């Protein structure tokens, strides 16, 4: 069975339909949030749905516009073992928000430490070195998963050294640079994701079950059968939960 360990169920036009479809497939999803204020509404998608695992987040792209939602993060942290989407984004269009992004992410890591550590699904686009500096400074924040890692191989080697895990998606398994990044990752720290509906495949928003294509992609890169890839990813989720 399949795992999509970073997906925005709450950003689909009909989130309940997507959640139901995941349950029908017994497809485990990490349902991430973009502001902690979204917790109650997005958590509700998981009621009666044991394959929907909801994460408490604050996405770097919305830290300015949703600044006042920050106190809901600490409020709800006791209700989940999963934090995401959180992190930093180095895109020029967000650069004026950099101080606020850093403040929020540092706050989040510190609160995670204070509550005994969490499993983190982390955004690092164009800010990989800065994300790693933050994680190195806050090692007791928990287990960091770098979602859709797109930085350098130099930075990837450092992330591995810092104990990062990786969730990899459709674009990564289908590109030269992505396949090269995957080859440097320890297989026991690789998870699969879609990042739907943000990720588009063939001009259409990805759905969680498009993660079958990531498993197929990894089968080719690792040169093992898709079933063994599925087993390894499940084993990896079990081990992750053990951390």
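Residue numbers count along the first chain shown, from 1.
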- Of 153 to 161 and 120 to 128, the stretch whose C-alpha atoms average the higher B-factor in the entry: 153 to 161
- 175 to 183 or 39 to 47, whichever carries the higher mean Cα B-factor: 175 to 183
- Of the choices 79, 89, 85, 114, which one's C-alpha carries the largest B-factor in the record? 114
- Which of these, 204, 192, 54, 34, has its C-alpha atom at the highest B-factor, as the entry lists it? 204
- Note on the structure: Assert third(CA B-factor, residue 9) within chain per record equals lowest
- Item | B-factor third for the C-alpha atom of residue 134 within its chain | middle
- Divide the modelled residues of the chain into thirds by Cα B-factor and specify which third, lowest, middle or highest, holds residue 169. middle
- Query: C-alpha B factor of residue 211, ranked within the chain: lowest, middle or highest third?
  - Reply: middle
- Task: Using the B-factor values recorded in the entry, state whether the Cα atom of residue 197 falls in the lowest, middle or highest third among the modelled residues of its chain.
- Result: middle
